[PDB]
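Have a look at the structure below, then the notes.
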Ligand SMILES: CCn1c(CO)nn(-c2cc3c([C@@H](C)C(F)(F)F)cn(-c4ccccc4C)c(=O)c3cc2F)c1=O
Ligand SMILES: Cc1cc2nc3c(=O)[nH]c(=O)nc-3n(C[C@H](O)[C@H](O)[C@H](O)COP(=O)(O)O)c2cc1C
Ligand SMILES: O=C(O)c1cc(=O)[nH]c(=O)[nH]1
Ligand SMILES: [Cl-]
Ligand SMILES: [Cl-]
Ligand SMILES: [Cl-]
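Numbering (the entry's author numbering), first residue to last: 31 to 396.
So, in structure tokens, the structure goes:
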């Protein structure tokens, strides 16, 4: 395990990344993953890593964040990597190209990425048919503790944002264990304004009504994914709305439009969302605040700068029931998944926790 980890991180990934533009490297990764061209996921998930949340069993708490598999092309390969859950998307109602290239930038000195993809999406119909082709295979995976999330976006030219999300609920809701109302992309104009109170309550009411109209076996959990750049007022309002409406959970956080002091990469001043190590603590602190504002009663999926067991446990202790990563995979490759899981298990034992469940929100009880 540690053999593969070292070779991937120290030699293979830096070599491959030095040969390819970042978007090409992304596209090839999706293709390789969809073909199962992957190292052995050596790590056996232990009972200590199981989590029950959102109406589902999760064999382990480490998921792939939205953005890697935007169009649902690599789901089975991502489970083969050892992820305990997979989130696809964002998916928009109609197909759209996204922003002009280049739109992805590597900051290897910062272990960070900046992206401005702009919701490049195959669209709901294409993704629906892709997920339908493996719908019963997914039902068995979910029963076995490997749930699927679908992240919903909106088209660039839409006039009625709530209608775009409602279309996504109707089309992909029946194929998902959970849905994500992504109101926090930094790369669609006006999108993050949907996080404001009046707009959010109206939007989320419509989303929940649509979800509630699906047949029981086809009725997903609904989560809201938020930015790391919210004001204190915005956070208080989101918390209020989520509790009022009975939203099932939060994903905390998307990428940041901030540029923390100390970034070294030449491309630091590119427009887009920043991910990876510089986002880590900003995300952990957003988890911590959202957990407090919701009384620990709203499950949180914690995301932003996770590349180790320690990073995962810090998010869990701050309030996350589950975590996701993406950017670390770009530097470490597939062995990062088993690395995080092994390190997390070790730390849980070292800190006296019986399993992940016992550590959720543990910092708030100090
Ligand atoms: C943010 C966009 N973005 C970038 C650029 O910022 N990189 N990236 C990415 C690339 C890769 C690559 C490429 C280098 C490939 F494909 F060109 F080699 C291989 N592999 C891999 C290795 C060994 C075996 C099986 C795979 C899939 C990965 O896991 C992987 C993951 C990734 F997230 C990615 O999504
Ligand atoms: C290239 C790229 C594309 C992304 N696209 C999406 C997206 O379509 N929808 C979404 O909710 N989040 C998207 N994200 C955000 C990630 O899901 C995640 O919230 C963020 O990158 C923080 O995690 P990380 O530091 O582990 O990458 C994307 C991130 C990256 C790097
Ligand atoms: O498509 C993108 O640009 C994208 C969407 C999102 O939600 N987050 C992100 O960092 N990029
Ligand atoms: Cl680059
Ligand atoms: Cl169906
Ligand atoms: Cl920006």
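The C-beta atom is built at its ideal place from N, Cα and C for all residues, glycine as well.
Just measuring C-alpha positions, the residue of 382, 363, 344, 196 sitting nearest residue 391 is 344. Distances from the CB of residue 177 to the heavy atoms of ligand 4 are all 6 Å or more. With respect to residue 80, residue 369 sits apart: the two C-beta atoms are not nearer than 7 Å. Each residue's CA atom was taken as its position, placing residue 250 and residue 336 some 26 Å apart.
Judged by DSSP secondary structure, residue 240 falls outside any beta strand (DSSP E) and instead within the alpha helix (DSSP H) spanning 227-242. Around the C-beta of residue 170, fewer than 16 other C-beta atoms lie within 10 Å, and the residue is accordingly described as exposed.
A distance criterion of 6 Å places the beta-carbon of residue 308 beyond contact range of ligand 4, judged by its closest non-hydrogen atom. When DSSP reads this structure, residue 286 sits in a beta bridge with 304. By the criterion of at least three beta-carbon pairs nearer than 8 Å, the stretch 265-283 is not in contact with the stretch 293-306. In this structure the stretch 143-150 does not lie against the stretch 65-76, because fewer than three pairs of beta carbons, one per stretch, are closer than 8 Å.
In the structure shown, the three-state DSSP call for residue 59 is helix. With fewer than 16 neighbouring CB atoms inside 10 Å of its own CB, residue 58 falls in the exposed class. DSSP links residue 356 through a beta bridge to no other residue. In the DSSP assignment, residue 135 falls within the beta strand (DSSP E) that extends over 134-137. Judged by DSSP in its simplified three-state form, residue 251 adopts strand. Within its own chain, the residues whose Cβ lies closer than 7 Å to the Cβ of residue 360, once the five positions on either side in sequence are excluded, are 143, listed in chain order. For residue 38, there is no enclosing beta strand (DSSP E), as DSSP gives it neither H nor E.
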